[PDB]
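So the protein lines, in turn, are chains A, B and C.
FYI, in this note's numbering the residues of the first sequence are 67 to 116.
FYI, in this note's numbering the residues of the second sequence are 626 to 1477.
FYI, in this note's numbering the residues of the third sequence are 8 to 894.
From the three backbone atoms N, C-alpha and C, an ideal C-beta is built for every residue, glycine too.
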Amino acid sequence: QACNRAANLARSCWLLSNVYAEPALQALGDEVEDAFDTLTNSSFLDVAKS
Amino acid sequence: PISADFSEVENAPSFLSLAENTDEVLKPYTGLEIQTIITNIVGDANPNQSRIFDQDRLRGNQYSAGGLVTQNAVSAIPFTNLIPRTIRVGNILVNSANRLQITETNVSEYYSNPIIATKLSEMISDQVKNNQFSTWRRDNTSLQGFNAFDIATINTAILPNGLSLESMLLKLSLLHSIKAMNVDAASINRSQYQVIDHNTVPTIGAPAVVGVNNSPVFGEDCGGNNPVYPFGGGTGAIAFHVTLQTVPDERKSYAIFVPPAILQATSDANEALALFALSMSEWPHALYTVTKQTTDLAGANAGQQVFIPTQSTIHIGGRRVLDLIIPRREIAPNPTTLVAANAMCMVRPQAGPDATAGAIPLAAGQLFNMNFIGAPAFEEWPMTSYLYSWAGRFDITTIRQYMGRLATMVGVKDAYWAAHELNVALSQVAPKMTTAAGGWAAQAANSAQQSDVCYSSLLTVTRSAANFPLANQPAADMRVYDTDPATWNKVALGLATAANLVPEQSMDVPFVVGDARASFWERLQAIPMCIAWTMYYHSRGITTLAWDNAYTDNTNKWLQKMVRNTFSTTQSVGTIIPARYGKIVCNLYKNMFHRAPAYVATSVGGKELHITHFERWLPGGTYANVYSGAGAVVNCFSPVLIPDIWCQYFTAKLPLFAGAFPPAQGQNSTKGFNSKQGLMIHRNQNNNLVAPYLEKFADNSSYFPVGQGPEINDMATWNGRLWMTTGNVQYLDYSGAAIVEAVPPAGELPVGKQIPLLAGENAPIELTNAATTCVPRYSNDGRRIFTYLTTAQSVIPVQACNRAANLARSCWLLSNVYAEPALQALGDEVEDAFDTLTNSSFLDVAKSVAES
Amino acid sequence: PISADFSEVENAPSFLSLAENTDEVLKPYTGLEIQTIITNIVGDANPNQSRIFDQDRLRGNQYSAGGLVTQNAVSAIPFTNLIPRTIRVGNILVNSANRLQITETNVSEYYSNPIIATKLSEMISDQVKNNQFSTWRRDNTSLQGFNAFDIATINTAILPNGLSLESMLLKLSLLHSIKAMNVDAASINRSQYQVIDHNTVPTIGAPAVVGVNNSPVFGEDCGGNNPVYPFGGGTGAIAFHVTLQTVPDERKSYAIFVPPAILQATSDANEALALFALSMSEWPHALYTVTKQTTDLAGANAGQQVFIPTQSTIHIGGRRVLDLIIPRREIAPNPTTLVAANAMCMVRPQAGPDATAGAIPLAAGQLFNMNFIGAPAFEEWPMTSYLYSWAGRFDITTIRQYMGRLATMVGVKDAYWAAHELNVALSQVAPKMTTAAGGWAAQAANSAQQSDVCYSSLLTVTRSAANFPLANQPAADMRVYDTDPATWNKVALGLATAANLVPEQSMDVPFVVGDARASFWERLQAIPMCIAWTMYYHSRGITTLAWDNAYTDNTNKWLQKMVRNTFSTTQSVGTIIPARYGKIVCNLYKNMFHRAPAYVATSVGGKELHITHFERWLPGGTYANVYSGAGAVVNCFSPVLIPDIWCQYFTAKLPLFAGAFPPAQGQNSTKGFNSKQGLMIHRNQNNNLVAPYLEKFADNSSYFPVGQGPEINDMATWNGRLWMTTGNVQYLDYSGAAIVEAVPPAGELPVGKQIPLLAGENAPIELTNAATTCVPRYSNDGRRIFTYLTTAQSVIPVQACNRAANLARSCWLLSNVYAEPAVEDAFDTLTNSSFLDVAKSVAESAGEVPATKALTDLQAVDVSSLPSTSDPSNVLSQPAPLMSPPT
């Protein structure tokens, strides 16, 4: 059912490098860019370009 | 339509789209085509029996949430007209402890379609002007058999009003439906005898016997041989005349002329005469009783059993006394002696076959002694006894003759279909649901709760409070138009015509009348009507307590306007102004079925309008609720009578929140709706409370503002059904505190009525017979209602709304819905070769249906 | 048609080509198509002169795979309507140990052609409206002597359904099929008596005797001389009347007027009354019995052997009590006394020449005492006994004359031909096949397997589980239309008409009625039906066990849709809808035989759809299988019932997968298909198993994916047959594992039934009399099925698919001929013109009379008030006419 994309599976991970933990509920809100991410967007892309 | 997949429920129409006005003219929705939905049905375990005695039920295969298949499971047809008066208990008939249901009605007057004068009347009034009618002789008469002086004096009246025929034809149709029970047992389905008393089995061997004033309890006999009207008591009066000169003063203004056309209507002119008399007097005059042989569920204890038809208890009209003018077969001057008056008549009035007692006893076949100008004494008969005599001889074939004659004299088509609509809306009746976790349930035998019942309108019916004859304070249900005697006489004699008075062929009389299947068709027509009301009471979350108090005791302005606008109001002249929101319900009916309800002319100040049975109920009623096992009242839910499968499997279209769940274990099994569409969750994890994704609040998060109520949002109602169909829902408020309304014992939902099984049939499983769509949102106190689960119970369903999980629910395997395997090894999408060979021939059917 | 070379099989039409729907109009399949081939007869001839007693076999020379030629080889005709009731064992006649077969019908009202009121009823309504100006009770003319009030009630409140006449005509054709047996033996095939009992030999010297309620076993004499219903177990009631007013009030809504267009003969009119009473009550009213003299195989022992016709076992529920209203002899007041009533009858009813016992005994020829007004006591008779007394007197020539008088009131040609099609579909029946290596086999005498049987649709027939009368009822097998008494009453008197009810210029019936050759023809009409159903089932690879459980199966989803669309369980807008895939079998029949099946109409909102007998079966039966030599069941195959020579020798066009193996011709014999056709050989982990070239998807499935099943490929099915037709195949899994289904003892295939030979005949050899086209592919649990050979056994067949080698197979030595679909008397030539105009006038005769509205208008007080002026008549809209429209 997971291959068929009608279920999820569970595996261990490393919490490194932008990977965060997932809560058991998952109460989603409207998609929302955070204001701090918009304040720092350009300065962040400059690094990737460099 | 039931859903085979979740794509079918995403693509369902919104409630607002279906409530929209449609402009095209549509066909009537007869039980002759509703019939075929019960017959002609998917399922292989089914023994497709021919007799209509056995086509009483909804049969089908089912599929469990655990993946098991159940064959030939059963759902009962909810409505009936019969009311039991003997009740089986302990496998034996026992006298009933509950009082009879009663219905009441108010008259209105009909200014629509004002009459136009014929050339005949205009030349007569012209002669009155140029002469003084002095040309005419003492003995001049028309071919009809009335003398000219009477026609001339009747001509002199001027009338504002049209003519209606409604109350007339309604009485005729109620009597028709009572007489339609007399056919053989094979022709009436047995489920009708056990909707209330579910411990009883009717026998196919003998026809039901229709009598009158034979009831066991509560003064139901109505005095027996001396017959007194069931409401108010007392006898009426009836008299016969050759001229209106002989009718006593203060009654001369109210006399009816009987045209010879009524007299030649049937082989026995006295029968046609009594039929006309019953048609234009107050109803009921007596209480008819249906007796049917029955046996024990084991078959052990057979006996006769009594039932009281619902048509027999409706109250209409008020004309206790009347005078009838009869045609004279000879051209003669008005009679001076008795024998002259007897010889003079076209046919002398007579008593019927069944004799009666009293202060004025009537021997069977007794002949009336006609009135004359000499008056040693005025002469007269008791009217209830005169109708008690002919009560046994009325018959549906003769009624078919009579209707044909009327159709020839004046068109009866439209008017009779409308009257038949009112007959269905008033007489068809279903018991209040009981709550369960499982598939079937019922209230205790001879319990008061067993006998609580409701209209298709979901208004509970009034019960009598004392022994008959009644002396009650009336509690009327709906308004009806009345047939006016003077406007009658202007038309009976060629003096006037109207636009709706066009004569018709006998062939055009609607086919229901005189047909023996009609009883069955009656029940069927009740089902679509409910569906419409059900979709009206469910789109908003208002609870039954809030409906019980909006008109009489609540300080919230919004409920007040709400209950107020669902019903009709009077005009300054006293004419009906049609219910404002009722127009919505009509629209629903025409969008879900593509068929129309009957329309009737109405006017506001000289402006044309229509009215349906949807717009003619009176404000101030009490609403349908449900019972817990052990019979405690619960009223948290919005009102409900019938299971979802009925709403789902008869519609051509239903609004999105009411769709059926798809079968368990497939890809695209039941799901929900989330933020992206536009929803937001409420949480209360400090108290173990989580609620589904819901509508965004508008300053109405805990209390609704005065003057506003919950909005229509199909998807939140859907999510609320998902939370409910899980095992242990909890109905609390915004803080997680208890609501004022009574609540079901935990996990229970209302479910369909139990009936005894035929061999090879199974009880329905799970929530396959549950009603689910009635999710509360608005309480009597004005607070919001929330469906909660605990934080753990609520974790999968959140993932399903979020579309990263599937849910599992029971289903019916009908109409293109198939079972789902536990594996789901999908292949490449592949149209089957047989589906391509048959594609065109299949689409042709749909196109042919689209035409219709 | 039989292939002569491999070029002919290789160029045969694909299955999808023949299942396409076709647009052209076509003539009916009369069964003479087979008669030209399997018999001497070339033109119309006396059945007695032709001795069609001996014309009951396929005959011809056969060629063996070893190269010898067998002459005068034979194959039996599979079908029959006779069920043996005494059976021969040990050369001695003895009673049957097996209970009787039964069938059940579904009967309901459905929409037909739209209906309309005639000119004459507009006349009657005008008469009532013009009367209303008077003081006089005579409202209208009293048509054909019936009471004017009765015409007034019959002429009111018409139903929008239309009228069908189907159940009526069925009962009449079932009875015609039963009495047809009574003719002399020279005109009935011997084979018909020995399809099931192969040990008995009927004598040509005496005609068979048809009777009623005689059977020795299991209570099958339903009361005997004191008759009761075979299914209900009760007794009916029948009452006769001059007017409707004497009919008891409980059942005045069910009464039927008897038209006087029948009963016009100098004789046989009371018999016509009994027959009309039979065509509108419940069927069967009794169990009929065929009795025939027969003898042992040596011709030594001789005796009267008992058979039950299949037509007498199939239930069609109808009314049990009934009331008929006899035409009056002259317009007159209703009778008040008995003598006035008896004197007034046009035809006075009486019992037939056969006495009955029980309460209300009936003497032969007994007259009925008519009911009348003010009568001290209502009179009626039990109906089962009234139909009992006439039962032995009905015969074919009288039914023909009756039906011919009936023809002049209403159309009955197409309707009868359709009901006759249904007769043949429910009645002709074949025994299940036995597996073997050789050409012939049969089950043990007087065994359950000997008597197990099937429809032309490959569905088994259910048995009784208890003594007659049957306390309970079987699931319905098929659904038919009913005939309403009300609309019958309106139409019989001329008050209404519709397009299917129009009288036809032939003024005559179908050719089958009134012929002594009818049994032979009905026996031959079942063959095409099976050819089309077997092509249907063998195009796909599903096994009998998988069909047998398909409806409820949740292992696979495609199998469910597949079962569900083969039956009639859909409706719309108040009316019946045909099975979605039955149209495919219907399409196949037209493309293969170049003929059209009979059909009825259904109106859907006013649009007409055709329905053939293919589209009206109901779910619940069990599919046909085959037995082992020991009588054990075999599940592995697709359903089968007949040998494939019948399929391939009587078609104009045949699907490629089903063709015959071509004859040896020097170097070249048989040929297969390979990777150049887009096929591939299948190999597994086991090196000693090989399967033929098959479709490429077969490599990537061992279980079919849910929502998908095996595809049509004709070539892969061909190689599947080539593998099976070797005497040593394995029916196995992708891995070489055993499948769940029961398999035959090794190398065997199902073969046709054995019958005793005539002098000079030889039994069929090898596989010349076997089904072969039944190649399994879909296991019950979802696995694919493969046919395996060992490597060494594999080499020649693979090279034959490569067309490097040649296979050796038996064949019939027969040619192809398929006939075109195709009398004036001197008197007819003398009268042809007058017949041509009068026949044209009858087509519009309707309810018409020469008087017009313009004449009747002059006789009116006021023309504008006439309902005919304000309501000119229209055809009714469906499902319902508009009522109370919004202005």
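Residue i at chain B interface by Cβ criterion, 7 Å
i: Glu278 (chain C); result: no
i: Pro892 (chain C); result: yes
i: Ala93 (chain A); result: yes
i: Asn70 (chain A); result: yes
Those residues which DSSP pairs with residue i across a bridge
i: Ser840 (chain C); result: DSSP, once it has assigned bridges, lists no residue as partnering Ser840 (chain C).
i: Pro958 (chain B); result: None, per the DSSP bridge assignment.
i: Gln252 (chain C); result: According to DSSP, which records beta bridges pairwise, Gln252 (chain C) is partnered with nothing at all.
i: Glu615 (chain C); result: C:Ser610
i: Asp330 (chain C); result: C:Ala246
i: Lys1378 (chain B); result: B:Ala1066
Between the CA atoms of residue j and residue i - distance to the nearest angstrom
i: residue 1478 (chain B); j: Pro1330 (chain B); result: One cannot answer for residue 1478 (chain B) here, as it falls past the ends of chain B, which runs 626 to 1477.
i: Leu821 (chain C); j: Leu595 (chain C); result: 24 Å
i: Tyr654 (chain B); j: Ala1040 (chain B); result: 16 Å
i: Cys537 (chain C); j: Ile746 (chain C); result: 28 Å
i: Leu1448 (chain B); j: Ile663 (chain B); result: 34 Å
i: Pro763 (chain C); j: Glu755 (chain C); result: 23 Å
i: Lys1115 (chain B); j: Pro893 (chain C); result: 27 Å
i: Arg1018 (chain B); j: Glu1147 (chain B); result: 23 Å
i: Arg326 (chain C); j: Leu294 (chain C); result: 18 Å
i: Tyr1443 (chain B); j: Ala629 (chain B); result: 7 Å
i: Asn168 (chain C); j: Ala965 (chain B); result: 53 Å
Any C-beta of chain C under 7 Å from that of residue i
i: residue 607 (chain B); result: This structure does not reach residue 607 (chain B), given that chain B is present from 626 up to 1477, and the question cannot be answered.
i: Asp764 (chain B); result: no
i: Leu1047 (chain B); result: no
i: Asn673 (chain B); result: yes
Residue-level contact to chain A via CB, residue i, 7 Å cutoff
i: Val634 (chain B); result: no
i: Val931 (chain B); result: no
TODO: Taking 8 Å as the threshold, find out whether the segment 1013–1024 of chain B comes into contact with the segment 976–988 of chain B through three or more Cβ pairs.
DONE: yes
- [ ] Taking a Cβ distance cut-off of 9 Å, strictly less, list which residues of the segment 1286–1316 of chain B are near chain A, in chain order.
- [x] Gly1291, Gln1292, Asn1293, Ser1294, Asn1299, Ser1300, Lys1301, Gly1303, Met1305, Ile1306, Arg1308, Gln1310 and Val1315
TODO: Pair every Cβ in the segment 1309–1318 of chain B with every Cβ in the segment 1343–1350 of chain B, then say whether three or more of these pairs are closer than 8 Å.
DONE: yes
TODO: Count the CB pairs spanning the segment 1156–1163 of chain B and the segment 1205–1222 of chain B that are closer than 8 Å, and state whether there are at least three.
DONE: yes
- [ ] Count the CB pairs spanning the segment 278–287 of chain C and the segment 202–214 of chain C that are closer than 8 Å, and state whether there are at least three.
- [x] no
Task: Contacting positions in the segment 709–727 of chain C - beta carbon closer than 9 Å to chain B - done: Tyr710, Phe711, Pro712, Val713, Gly714, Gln715, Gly716, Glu718 and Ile719
TODO: Inspect the CB distances between the segment 561–579 of chain C and the segment 520–527 of chain C and report whether three or more fall short of 8 Å.
DONE: Contact annotation: the segment 561–579 of chain C does not touch the segment 520–527 of chain C, with fewer than three C-beta pairs closer than 8 Å.
Open item on the list: So if I threshold CB-CB distances at 8 Å, which residues from the segment 254–278 of chain C count as touching chain B?
Closed with: Residues of the segment 254–278 of chain C with a C-beta less than 8 Å from any C-beta of chain B: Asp256, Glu257, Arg258, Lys259, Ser260 and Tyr261, listed in chain order.
TODO: For the segment 458–468 of chain C and the segment 618–632 of chain C, state whether three or more C-beta atom pairs, one from each stretch, are separated by less than 8 Å.
DONE: Yes, the segment 458–468 of chain C touches the segment 618–632 of chain C.
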